[PDB]
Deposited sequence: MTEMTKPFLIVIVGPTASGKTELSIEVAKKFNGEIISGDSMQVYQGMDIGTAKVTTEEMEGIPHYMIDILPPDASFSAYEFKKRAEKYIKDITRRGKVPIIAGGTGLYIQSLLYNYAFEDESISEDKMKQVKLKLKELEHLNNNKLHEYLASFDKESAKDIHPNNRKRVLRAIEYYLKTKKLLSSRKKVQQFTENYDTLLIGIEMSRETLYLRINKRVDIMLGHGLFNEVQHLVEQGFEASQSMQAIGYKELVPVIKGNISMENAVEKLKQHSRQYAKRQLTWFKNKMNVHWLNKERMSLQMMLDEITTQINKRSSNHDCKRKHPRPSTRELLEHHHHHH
């Protein structure tokens, strides 16, 4: 299987910068995983990296279609698989920056996929009620459900044991099974890494990124797009455009709209963080404790094994 680096994380969380730094230390090339950066003309609302910021590193999947064009998880897979081969073929390191759960797993595994806020409380509450249990008592508990998991996971690795107990309690199904199928249907020798952070910092940064976008001409952009008739298009329905279109007509106030724009952005970021934790096995880097350089070292240590 071909080596592939995957760096997911919320918008402007450093995933983009980190990708380039990794690309510069291992002469690789980046494939944009964002399903919006594919449209030309939509640069501000999508946090599209500029040619200058790319620092020479070549990027793909950016400005490859017009707004009225259609895109999808598989469309991304078809194009990404070709680039990942071409890249490796030229002795380089294929790196995908960004992307959502669907787009990423659809690309990583060859299987058809298959979450209520209530279970969030039940599972979390029940887990916090499991903090009491010693290392072995909690292991026994895991054994009762997933024999295969508790079998190999040593009782002193509380982390992996909770992850298994956590997964079960939510989906109510086999955990060691997702492991198996994902382990066999995997197309690449993936090094999946994600940038994490507390909901507090996350939500605060998002509100701040929405302020900057407005300050950089986001509204002016949706104006040029809506004027070019690109309205009614799938792209114009993405968070950051669908909220502003109404205010351009005068049906909603800028204040109220922006209020909804920062909200949809917060919910979206959350939903994406949730998915990457309950479906993927990502090596999370806590952004609230590491820096661009510190992260590049965590990855450098991980890469000094694959070799």
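- When the deposited sequence is numbered from 1, the segments without any C-alpha atom are 1-5, 120-122, 316-340.
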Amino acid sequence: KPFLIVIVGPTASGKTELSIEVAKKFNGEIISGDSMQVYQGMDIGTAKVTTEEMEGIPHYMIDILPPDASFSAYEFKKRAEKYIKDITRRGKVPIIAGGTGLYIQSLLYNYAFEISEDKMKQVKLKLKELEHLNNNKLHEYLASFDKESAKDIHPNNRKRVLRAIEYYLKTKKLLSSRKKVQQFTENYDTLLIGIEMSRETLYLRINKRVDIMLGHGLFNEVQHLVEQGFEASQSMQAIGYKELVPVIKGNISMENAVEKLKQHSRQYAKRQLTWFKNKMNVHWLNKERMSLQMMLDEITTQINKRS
From here on, numbers count along this sequence of modelled residues.
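- 94-102 and 196-204 differ in mean CA B-factor, and the higher of the two is recorded for 196-204.
- For the segment pair 121-129 and 181-189, the entry gives 121-129 the higher mean B-factor, averaged over Cα atoms.
- Of the candidates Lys173, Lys159, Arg89, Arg79, it is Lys173 whose Cα B-factor is highest according to the PDB record.
- Note on the listed residues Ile31, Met54, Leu65, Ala47: the highest Cα temperature factor in the record is that of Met54.
- The entry lists a Cα temperature factor for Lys279 that places it in the highest third of the chain's modelled residues.
- In the PDB entry, a CA B factor belonging to the middle third of its chain's modelled residues is recorded for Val210.
- The deposited CA B-factor of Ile84 belongs to the lowest third of values across its chain.
- In the deposited entry, the Cα temperature factor of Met61 places it in the highest third of its chain's modelled residues.
- Among all modelled residues in its chain, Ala164 ranks in the lowest third by Cα B-factor.
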